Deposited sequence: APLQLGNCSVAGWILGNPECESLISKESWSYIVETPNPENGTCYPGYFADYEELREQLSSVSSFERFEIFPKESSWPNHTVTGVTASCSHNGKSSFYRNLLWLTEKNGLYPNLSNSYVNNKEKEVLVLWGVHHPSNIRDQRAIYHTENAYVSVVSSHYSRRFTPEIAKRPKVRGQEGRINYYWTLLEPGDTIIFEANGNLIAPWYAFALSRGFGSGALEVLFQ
């Protein structure tokens, strides 16, 4: 029996688009019926690859990889935006967290997760790109920020670029979305001094 995504794409469903709440990710499926979103504009890396890997799964599950009210004490997690509105009210992805400054500081961020699900874990995150350097300071305070995501099989360092861009859905900023598969027993480590759209919920699954 297939996975019914209704009016949402894989991106909107996997990212947790607020308009895909009632969608339910059943424990296993053979294929995905779809209607091809990302309410915050940006680039979803290896999107077609992900659609292929999620094409048929067993033992699928959505779990809380970094609890919102514990994992980030020294950062603000309540960031919402009108680009991802729900019920005429600004909101944000249900599987991600927009980390911003708290009390005028954005302390160096470091958090890690060990895969104890005995299955493959799909982790997704984002990198946010303001359009001017003043706002970069206001939101994250460091001018030359970095984001680092490392596992035993994945390693990448993201540098945000500050550029004036045309408005998309009324937004001049951008959030690029990335993902990786975490093998059982492996550890993934997130490090940043800004611009990290942190994983809030993640997914554990057996492929095929």
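Unmodelled regions of the deposited chain sequence (numbering from residue 1, in sequence order): 37 to 40, 213 to 223.
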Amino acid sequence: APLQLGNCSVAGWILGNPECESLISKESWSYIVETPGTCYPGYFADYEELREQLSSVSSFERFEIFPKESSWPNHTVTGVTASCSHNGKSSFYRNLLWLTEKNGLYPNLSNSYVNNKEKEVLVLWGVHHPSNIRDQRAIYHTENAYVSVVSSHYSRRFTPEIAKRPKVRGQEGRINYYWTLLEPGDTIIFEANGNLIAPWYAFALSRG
From here on, numbers count along this sequence of modelled residues.
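Compared with other entries of the same protein, residue 37 falls outside the group left without coordinates by a third of them; all model it where both flanks are modelled.
Here the stretch with the larger average CA B-factor, out of 166 to 174 and 41 to 49, is 166 to 174. The PDB entry reports B-factors from which the mean C-alpha value can be compared for 73 to 81 and 118 to 126; the larger average falls on 73 to 81. Sorting 180, 151, 148, 144 by the CA temperature factor given in the entry leaves 144 at the top. Comparing the listed residues 95, 103, 111, 91, the entry records the largest Cα B-factor for 103. Among all modelled residues in this chain, the alpha-carbon of residue 57 has a temperature factor (C-alpha) in the middle third.
In the PDB entry, a CA B factor belonging to the lowest third of its chain's modelled residues is recorded for residue 155. Among the modelled residues of its chain, residue 8 has a C-alpha B-factor that falls in the highest third, as given in the PDB entry. In the deposited entry, the Cα temperature factor of residue 22 sits in the top third of values across the chain's modelled residues. Residue-level temperature factors show residue 1 in the highest third of its chain, judged at the C-alpha atom.
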